[PDB]
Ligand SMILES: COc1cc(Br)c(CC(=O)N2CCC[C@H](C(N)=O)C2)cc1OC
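The chain below stands alone and is given as structure tokens, in the form deposited without the named molecule.
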């Protein structure tokens, strides 16, 4: 679990979105495993605007933050998980590291702020859904 709180926006994994998220929907994309809903309170997070390939992510299943190198956002084949079939996921970044299903929502950050959230794992990789292209998160 986990979300990004930027302005009056909540960014979650689409597969973990609540009824309240869907009832307050701003934007969702299944191919990216992202959903954004409206908030009443303003949030503490800053979105990275950058092409960093190094940063740090939170892994709830280790209670640890790990420094990683990660690929640039790409269209990647993902094997079946408890929450999705085998399918192609867009805007996905991969690193070498530990990720189980409950680790989804964990933040990946770089020197510029929040890069994305854990979305995939298995086979010694963790995949992160990028949010750095979502410029509209920073306004309105």
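For clarity, a rigid core is taken as the largest C-alpha set superposing within 1.5 Å between two forms. Positions refer to the first chain, counted from 1.
Note that the form deposited with the named molecule bound isn't included here; everything after this is about it.
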- [ ] Just superimpose the C-alphas near the binding site, carry the named molecule over as positioned in the bound PDB entry, and say whether the shown chain is open or blocked by the 2.4 Å backbone or C-beta rule (3+ atoms for blocked).
- [x] blocked
Task: Residue contact check: residue 49 to the named molecule in the bound PDB entry, 4.5 Å heavy atom - done: no
- [ ] Please check if residue 43 has a heavy atom lying within 4.5 Å of any heavy atom of the named molecule in the bound PDB entry.
- [x] no
Open item on the list: Where, within 68 to 87, is there a heavy atom within 4.5 Å of the named molecule in the bound PDB entry? Residue list please.
Closed with: 78, 81, 83, 84, 87
Open item on the list: Looking between this form and the one not shown after fitting on the rigid core, I'd like to know which of 39, 60, 89, 81 has a C-alpha displacement of 2 Å or more.
Closed with: 81
